Every structure is written in structure tokens, then in C-alpha cells.
Amino acid sequence: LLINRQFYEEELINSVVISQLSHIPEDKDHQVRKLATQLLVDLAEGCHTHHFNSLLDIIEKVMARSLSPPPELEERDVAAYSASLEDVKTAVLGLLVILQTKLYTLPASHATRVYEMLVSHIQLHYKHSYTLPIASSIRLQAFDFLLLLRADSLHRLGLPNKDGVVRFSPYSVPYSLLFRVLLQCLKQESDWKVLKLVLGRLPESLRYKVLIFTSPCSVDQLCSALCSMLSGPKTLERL
Amino acid sequence: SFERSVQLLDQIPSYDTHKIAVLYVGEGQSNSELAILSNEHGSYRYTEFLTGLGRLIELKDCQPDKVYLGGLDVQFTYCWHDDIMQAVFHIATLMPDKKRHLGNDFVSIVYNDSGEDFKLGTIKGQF
Amino acid sequence: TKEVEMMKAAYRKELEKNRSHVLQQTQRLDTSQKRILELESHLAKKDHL
Amino acid sequence: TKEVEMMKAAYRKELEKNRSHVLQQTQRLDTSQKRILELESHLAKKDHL
């Protein structure tokens, strides 16, 4: 694949789709890890409407696990089970990278769906209250990136950046999802670092008023949460 | 000599003294150092904020040396005022020694109206 | 008095709305540029390919 | 005299900035759109080849 950029994708895509649409629930890990990384980079490249089906494979990989169900492996295979889940860890990280790059392309539906799927995954992640350190790192990197999302033009122009002040991809992205997941963190989080990070990063983001003013916000809620966060020791039993 | 000393004592005001330089830079005027000063008719929002900035007294026969009359030449020169302290805004964009008049005010409020316009090193106002 | 506040308030409902409209057009002009850029890049890479 | 109608002159200045700025942006926006349209043809030819 990586060699044959000579318009040798479409056919190879139809040769790769047949070996990936069904592999997804493969037994062992290394397989699905490599396959993830593959799909990830191949679609960082690909823009031939095969973004979607391949991306669906990625979705299935996102669902592929939730947490450690069995308590019989605690101190026994917590290491082993986490080493397994490393697959979906890499999956979501490459998904994040795709969100970063793939955004600056004419068909916005792509990055739109990317951001939406990321939000949905992390939201349900809280909704089931995963516990493993893998989950922690996932929350960490996910939020660490997503908070960088900022606006320069006054409408829906969320723009992160690397090493540079900003880059632009205006072309349909809401924000309320972020408030949702943030309140979910404030009410469900059980680490310290996730909080410390999102808290410290919140203010500057709040300075970009137009974002909060764009999507349905009802900011008031969080302050109550904040008050709840402070008033009453309901919080401090969450580390 | 003693009578002269008593007079000089009268010459000094009883309330506190403050004078402050108000400037309006533009968007590209960042680090211009002349278009800053030579500017006129600042942005609408900057002009609004400026209106509600205490009270002003026109410089003429009506206003005595009682309040600070620095630069009797030309206008609105808004001047905050109460009994303990008194702050005059000695120069604005509306004002046009003058270059020294605003290069000597120890502190300045500046209306950004740009994107990352200013660093202190930009202004050539020593005071 | 209070006409001036209305005049300030009256101006507010004009300059702000007009400025937002101007910003939209600015964003629309900005797009086309980047698309020109990427299409030139594609032309180059494909001709070389 | 309300500071010689200062908030009446800026209003006029803001209107002048919007007029000329809007005209120039529309003049450019058209050229960029025409260029993008031109690119959408040379590229198709190249793909065919």
C-alpha cells in the first residue's frame, strides 16, 4: 500500500475492504492493532469516498471493547487485558490524528462525522464509567486535543493547531457536545489529572465567547455543578 | 523671600494630581509610532467608551487655572474629577511640545483595535 | 440627554450587524484561497506522478 | 454639543469602511471563484490522461 501511491488505491481499497470489513472481531490483539494503524494512515491519505466504509470499520473497532468486565483478572491480567485494549487506544489516537489533518478538505461531512464519533465514544465512555488506566490515558489525550479547538472567524470555525498560531478549515461543527461531555467529566470523573487538565484549560477557552454563544450552551448548569463541585464534599471521594 | 515661599505654597494644589495619556491605535497601525499619534477619528466603540469617562471642561475664559490647564492651545479633553484626587486626560487622539505633551504622561491607556498590536517596547514615550 | 444613549444604542443595532455581515463575506473570500492552494498542489503532484 | 457629534462621525466612518470593504471583497471573491472553476477542469483532464 504505502509504496503504490501511483493511483493504485481504489483497486487496493477493494482488496483491503474484503480483508477488513469482517476481521474486526479477530481473536488476538496484534492483528487488530496493526489493522487499526493501517486503516488510520490509509484514510489519513484516502479521500475517494472510501473514507466512510473504512471509517465504519474504525467505528466497530471503537466499540470493540468497553472496559474490563471480569474481576477475576484484577492483579492477575489487568496488565494483559490493558495490553489487549491498547488496540483501541491506538485506534482512537489515530482517529484523533485523522480529525486533525483530514479536517482541511472540501467535503466537511468527513471531519464532521469524525468529531461526532469521537464525542459519542467519549460520552458513552463516561456513561459506562470505565476504570482502566488505558481509559484514563484515552480521556487525557482526547480532551487535551479537543480543548484546543478555537474560533477565529465568528461562526463554527473551530481550529486547532500544531506548532503554529492557527490553521483554518471553516467548512457545520457544533459545540454543545463539548459542554455535554465536560459536564459529564465534572460529574463522573474519578481521577485527578483529567480534572486538573480540563479545569486549567477551561478559562482561556471560555474567553472565546463566540463558541459558547454559537451552539446551545446553557452555561449556567455547569456553575451549579461547579458550586456542587465546591459546596459539599460530594466531589472529594473521586480519586 | 518668606512671602515668596508662602505664595509658592499657595501655587501647589490641595487635592491629588493625576494625568493620563489616552491613545487609539488602529489595526495595521501597530508599531507605527506615528500613525498611532497622528491618528484621528478612532473606532466607533473606542469613541463610545471614551464618552463615558467622567466629565470634561472646555479650555477657554470659562475654565480657570483651577483645574489643570496644561496646553491651553486648543479640545473636549475629558477630565475625571472629585475632591481628594483629580485626574485629567491631558492628551487624546482629539488633541491635535505636543509630542512631548503625550510622551511625558507617566501612564497611558491604549485602545488596541488590532490583533496582538502592542508591546511596551513599541512606544517611544520615555515617561 | 438619553437621546445620545439611544443614538449610541441606535448605532449599536447598525455597526454591529453590518460588521457581522462583512465578516461573513470575509470568511467566504478566505475559503476560495485555500482551495486554490490545494488544487495547485494536486496539479503539481499529479503531473509529477 | 455632545463632543462635536463624535458618535455620529465615527458612525459615518464605519459606514464608509463597510462600503469600500464590501465592494473590494466581492470583487476578489468572484475572481477566486472563477479560478477554482478553471482548476476544476485542468485537473479532470489530467485524471483522464
# chains A, B, ... in the order shown; residues from 1 in each chain; ligands from 1
$ residues_around --residues "residue B:84" --least-positions-apart "5" --cutoff "10 Å" --atoms "only C-alpha atoms" --output "list in words"
residues 14, 15, 16 and 17 of chain B
$ calpha_fit_rmsd --fixed "chain D" --moving "chain C"
3.4 Å
$ interface_residues --of "chain A" --to "chain C" --cutoff "10 Å" --atoms "only C-alpha atoms" --output "MDAnalysis selection string"
chainID A and resid 5:7 104:106 152:155 157 168:171
$ atom_distance --atom1 "atom CA of residue A:101" --atom2 "atom CA of residue A:44"
7.2 Å
$ closest_atom_pairs --of "chain B" --to "chain C" --cutoff "10 Å" --atoms "only C-alpha atoms" --output "JSON lines"
{"residue": "B:44", "atom": "CA", "partner": "C:15", "partner_atom": "CA", "distance": 8.5}
{"residue": "B:45", "atom": "CA", "partner": "C:12", "partner_atom": "CA", "distance": 9.0}
{"residue": "B:48", "atom": "CA", "partner": "C:8", "partner_atom": "CA", "distance": 7.5}
$ closest_residue --among "A:165, A:147, A:22, A:88" --to "chain B" --atoms "only C-alpha atoms"
A:165
$ residues_around --residues "stretch 191-208 of chain A" --least-positions-apart "4" --cutoff "9 Å" --atoms "only C-alpha atoms" --output "JSON, numbers by chain"
{"A": [136, 137, 139, 140, 143, 144, 147, 148, 149, 150, 151, 152, 182, 185, 186, 212, 238, 239]}
$ write_last_selection --atoms "N, CA, C and O atoms" --output "PDB file, in the first residue's frame"
ATOM      1  N   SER A 136      -8.100   6.098  31.200  1.00  0.00           N
ATOM      2  CA  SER A 136      -7.613   7.381  31.687  1.00  0.00           C
ATOM      3  C   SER A 136      -6.802   8.092  30.619  1.00  0.00           C
ATOM      4  O   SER A 136      -7.046   9.262  30.314  1.00  0.00           O
ATOM      5  N   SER A 137      -5.822   7.396  30.046  1.00  0.00           N
ATOM      6  CA  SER A 137      -4.993   7.998  29.010  1.00  0.00           C
ATOM      7  C   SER A 137      -5.828   8.416  27.809  1.00  0.00           C
ATOM      8  O   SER A 137      -5.544   9.433  27.165  1.00  0.00           O
ATOM      9  N   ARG A 139      -9.088   9.407  27.764  1.00  0.00           N
ATOM     10  CA  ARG A 139      -9.677  10.677  28.173  1.00  0.00           C
ATOM     11  C   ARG A 139      -8.648  11.791  28.098  1.00  0.00           C
ATOM     12  O   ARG A 139      -8.922  12.882  27.586  1.00  0.00           O
ATOM     13  N   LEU A 140      -7.450  11.515  28.604  1.00  0.00           N
ATOM     14  CA  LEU A 140      -6.408  12.524  28.683  1.00  0.00           C
ATOM     15  C   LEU A 140      -6.109  13.103  27.312  1.00  0.00           C
ATOM     16  O   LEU A 140      -6.284  14.302  27.079  1.00  0.00           O
ATOM     17  N   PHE A 143      -9.325  14.834  25.448  1.00  0.00           N
ATOM     18  CA  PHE A 143      -9.638  16.175  25.916  1.00  0.00           C
ATOM     19  C   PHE A 143      -8.497  17.138  25.636  1.00  0.00           C
ATOM     20  O   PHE A 143      -8.729  18.278  25.214  1.00  0.00           O
ATOM     21  N   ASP A 144      -7.258  16.708  25.887  1.00  0.00           N
ATOM     22  CA  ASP A 144      -6.109  17.575  25.668  1.00  0.00           C
ATOM     23  C   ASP A 144      -6.140  18.163  24.271  1.00  0.00           C
ATOM     24  O   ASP A 144      -5.912  19.362  24.083  1.00  0.00           O
ATOM     25  N   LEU A 147      -9.840  20.407  23.580  1.00  0.00           N
ATOM     26  CA  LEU A 147      -9.935  21.725  24.189  1.00  0.00           C
ATOM     27  C   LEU A 147      -9.255  22.782  23.337  1.00  0.00           C
ATOM     28  O   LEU A 147      -9.715  23.927  23.290  1.00  0.00           O
ATOM     29  N   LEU A 148      -8.176  22.419  22.641  1.00  0.00           N
ATOM     30  CA  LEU A 148      -7.502  23.371  21.770  1.00  0.00           C
ATOM     31  C   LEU A 148      -8.427  23.963  20.721  1.00  0.00           C
ATOM     32  O   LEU A 148      -8.090  24.991  20.130  1.00  0.00           O
ATOM     33  N   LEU A 149      -9.570  23.337  20.472  1.00  0.00           N
ATOM     34  CA  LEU A 149     -10.450  23.792  19.408  1.00  0.00           C
ATOM     35  C   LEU A 149     -10.921  25.211  19.698  1.00  0.00           C
ATOM     36  O   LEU A 149     -11.551  25.466  20.728  1.00  0.00           O
ATOM     37  N   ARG A 150     -10.601  26.137  18.797  1.00  0.00           N
ATOM     38  CA  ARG A 150     -10.900  27.546  18.996  1.00  0.00           C
ATOM     39  C   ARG A 150     -11.382  28.157  17.691  1.00  0.00           C
ATOM     40  O   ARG A 150     -11.213  27.587  16.612  1.00  0.00           O
ATOM     41  N   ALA A 151     -11.970  29.344  17.803  1.00  0.00           N
ATOM     42  CA  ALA A 151     -12.576  30.033  16.674  1.00  0.00           C
ATOM     43  C   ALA A 151     -11.861  31.348  16.405  1.00  0.00           C
ATOM     44  O   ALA A 151     -11.488  32.065  17.338  1.00  0.00           O
ATOM     45  N   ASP A 152     -11.681  31.661  15.123  1.00  0.00           N
ATOM     46  CA  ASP A 152     -11.132  32.941  14.699  1.00  0.00           C
ATOM     47  C   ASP A 152     -12.176  33.767  13.959  1.00  0.00           C
ATOM     48  O   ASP A 152     -12.479  34.893  14.361  1.00  0.00           O
ATOM     49  N   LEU A 182     -18.128  17.701  28.945  1.00  0.00           N
ATOM     50  CA  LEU A 182     -17.402  18.348  30.031  1.00  0.00           C
ATOM     51  C   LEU A 182     -18.165  18.227  31.339  1.00  0.00           C
ATOM     52  O   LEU A 182     -17.587  17.899  32.381  1.00  0.00           O
ATOM     53  N   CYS A 185     -17.751  14.914  32.604  1.00  0.00           N
ATOM     54  CA  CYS A 185     -16.498  14.755  33.333  1.00  0.00           C
ATOM     55  C   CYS A 185     -16.623  15.300  34.744  1.00  0.00           C
ATOM     56  O   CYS A 185     -16.231  14.646  35.718  1.00  0.00           O
ATOM     57  N   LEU A 186     -17.178  16.503  34.871  1.00  0.00           N
ATOM     58  CA  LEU A 186     -17.312  17.136  36.178  1.00  0.00           C
ATOM     59  C   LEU A 186     -18.146  16.292  37.128  1.00  0.00           C
ATOM     60  O   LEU A 186     -17.941  16.340  38.344  1.00  0.00           O
ATOM     61  N   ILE A 212     -19.152  29.357  22.732  1.00  0.00           N
ATOM     62  CA  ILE A 212     -20.246  29.075  23.655  1.00  0.00           C
ATOM     63  C   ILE A 212     -21.527  29.741  23.177  1.00  0.00           C
ATOM     64  O   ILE A 212     -22.624  29.190  23.315  1.00  0.00           O
ATOM     65  N   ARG A 238     -13.488  11.054  44.831  1.00  0.00           N
ATOM     66  CA  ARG A 238     -13.420  10.695  43.420  1.00  0.00           C
ATOM     67  C   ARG A 238     -11.971  10.676  42.942  1.00  0.00           C
ATOM     68  O   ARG A 238     -11.630  11.233  41.899  1.00  0.00           O
ATOM     69  N   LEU A 239     -11.092  10.054  43.718  1.00  0.00           N
ATOM     70  CA  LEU A 239      -9.718   9.842  43.275  1.00  0.00           C
ATOM     71  C   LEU A 239      -9.287   8.406  43.549  1.00  0.00           C
ATOM     72  O   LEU A 239      -8.714   7.745  42.682  1.00  0.00           O
TER      73      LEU A 239
END
$ atom_distance --atom1 "atom CA of residue B:26" --atom2 "atom CA of residue B:115"
9.5 Å
$ closest_atom_pairs --of "chain C" --to "chain D" --cutoff "6 Å" --atoms "only C-alpha atoms" --output "Markdown table"
| residue | atom | partner | partner_atom | distance |
| --- | --- | --- | --- | --- |
| C:29 | CA | D:29 | CA | 4.8 |
| C:32 | CA | D:32 | CA | 5.6 |
| C:36 | CA | D:36 | CA | 5.9 |
$ residues_around --residues "residue B:126" --least-positions-apart "6" --cutoff "9 Å" --atoms "only C-alpha atoms" --output "list in words"
residues 103, 104, 105 and 106 of chain B
$ residues_around --residues "residue B:91" --least-positions-apart "5" --cutoff "7 Å" --atoms "only C-alpha atoms" --output "list in words"
residues 21, 22, 77 and 102 of chain B
$ select_by_dssp --residues "stretch 65-122 of chain B" --states "helix (DSSP H, G or I)" --output "list in words"
residues 98, 99, 100, 101, 102, 103, 120, 121 and 122 of chain B
$ residues_around --residues "residue B:85" --least-positions-apart "2" --cutoff "12 Å" --atoms "only C-alpha atoms" --output "PDB file with N, CA, C and O atoms, in the first residue's frame"
ATOM      1  N   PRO B  13      -1.593  72.682  44.499  1.00  0.00           N
ATOM      2  CA  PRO B  13      -2.974  72.290  44.806  1.00  0.00           C
ATOM      3  C   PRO B  13      -3.091  71.429  46.073  1.00  0.00           C
ATOM      4  O   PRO B  13      -2.139  70.755  46.411  1.00  0.00           O
ATOM      5  N   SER B  14      -4.260  71.471  46.720  1.00  0.00           N
ATOM      6  CA  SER B  14      -4.522  70.704  47.967  1.00  0.00           C
ATOM      7  C   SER B  14      -4.903  69.256  47.637  1.00  0.00           C
ATOM      8  O   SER B  14      -4.454  68.356  48.370  1.00  0.00           O
ATOM      9  N   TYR B  15      -5.676  69.041  46.566  1.00  0.00           N
ATOM     10  CA  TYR B  15      -6.085  67.664  46.172  1.00  0.00           C
ATOM     11  C   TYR B  15      -4.953  66.948  45.423  1.00  0.00           C
ATOM     12  O   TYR B  15      -3.978  67.614  45.032  1.00  0.00           O
ATOM     13  N   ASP B  16      -5.082  65.629  45.221  1.00  0.00           N
ATOM     14  CA  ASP B  16      -4.019  64.882  44.492  1.00  0.00           C
ATOM     15  C   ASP B  16      -4.049  65.192  42.988  1.00  0.00           C
ATOM     16  O   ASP B  16      -5.091  65.649  42.482  1.00  0.00           O
ATOM     17  N   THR B  17      -2.930  64.919  42.314  1.00  0.00           N
ATOM     18  CA  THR B  17      -2.727  65.183  40.896  1.00  0.00           C
ATOM     19  C   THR B  17      -2.562  63.884  40.125  1.00  0.00           C
ATOM     20  O   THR B  17      -1.811  63.000  40.549  1.00  0.00           O
ATOM     21  N   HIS B  18      -3.254  63.773  38.996  1.00  0.00           N
ATOM     22  CA  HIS B  18      -3.035  62.662  38.085  1.00  0.00           C
ATOM     23  C   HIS B  18      -3.307  63.125  36.664  1.00  0.00           C
ATOM     24  O   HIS B  18      -4.295  63.817  36.414  1.00  0.00           O
ATOM     25  N   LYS B  19      -2.422  62.754  35.742  1.00  0.00           N
ATOM     26  CA  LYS B  19      -2.650  62.983  34.323  1.00  0.00           C
ATOM     27  C   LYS B  19      -2.298  61.712  33.570  1.00  0.00           C
ATOM     28  O   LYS B  19      -1.298  61.060  33.877  1.00  0.00           O
ATOM     29  N   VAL B  67      -8.622  73.908  37.589  1.00  0.00           N
ATOM     30  CA  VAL B  67      -8.267  72.578  37.105  1.00  0.00           C
ATOM     31  C   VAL B  67      -7.062  72.708  36.184  1.00  0.00           C
ATOM     32  O   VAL B  67      -6.678  73.816  35.797  1.00  0.00           O
ATOM     33  N   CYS B  79     -11.861  65.089  31.652  1.00  0.00           N
ATOM     34  CA  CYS B  79     -11.101  65.136  32.892  1.00  0.00           C
ATOM     35  C   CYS B  79     -11.939  64.595  34.038  1.00  0.00           C
ATOM     36  O   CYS B  79     -12.908  65.234  34.454  1.00  0.00           O
ATOM     37  N   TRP B  80     -11.564  63.419  34.535  1.00  0.00           N
ATOM     38  CA  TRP B  80     -12.146  62.892  35.759  1.00  0.00           C
ATOM     39  C   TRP B  80     -11.913  63.868  36.900  1.00  0.00           C
ATOM     40  O   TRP B  80     -10.930  64.609  36.917  1.00  0.00           O
ATOM     41  N   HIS B  81     -12.823  63.869  37.866  1.00  0.00           N
ATOM     42  CA  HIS B  81     -12.730  64.869  38.915  1.00  0.00           C
ATOM     43  C   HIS B  81     -13.494  64.429  40.150  1.00  0.00           C
ATOM     44  O   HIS B  81     -14.659  64.041  40.055  1.00  0.00           O
ATOM     45  N   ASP B  82     -12.835  64.503  41.297  1.00  0.00           N
ATOM     46  CA  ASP B  82     -13.519  64.532  42.581  1.00  0.00           C
ATOM     47  C   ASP B  82     -12.659  65.369  43.522  1.00  0.00           C
ATOM     48  O   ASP B  82     -11.768  66.098  43.074  1.00  0.00           O
ATOM     49  N   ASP B  83     -12.918  65.278  44.825  1.00  0.00           N
ATOM     50  CA  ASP B  83     -12.331  66.240  45.751  1.00  0.00           C
ATOM     51  C   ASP B  83     -10.945  65.814  46.219  1.00  0.00           C
ATOM     52  O   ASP B  83     -10.034  66.643  46.301  1.00  0.00           O
ATOM     53  N   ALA B  87      -7.917  63.738  38.167  1.00  0.00           N
ATOM     54  CA  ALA B  87      -7.221  63.131  37.044  1.00  0.00           C
ATOM     55  C   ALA B  87      -7.681  63.807  35.764  1.00  0.00           C
ATOM     56  O   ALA B  87      -8.866  63.761  35.422  1.00  0.00           O
ATOM     57  N   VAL B  88      -6.755  64.418  35.072  1.00  0.00           N
ATOM     58  CA  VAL B  88      -7.011  64.974  33.756  1.00  0.00           C
ATOM     59  C   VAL B  88      -6.440  64.020  32.723  1.00  0.00           C
ATOM     60  O   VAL B  88      -5.442  63.333  32.961  1.00  0.00           O
TER      61      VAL B  88
END
$ atom_distance --atom1 "atom CA of residue A:211" --atom2 "atom CA of residue A:179"
10.8 Å
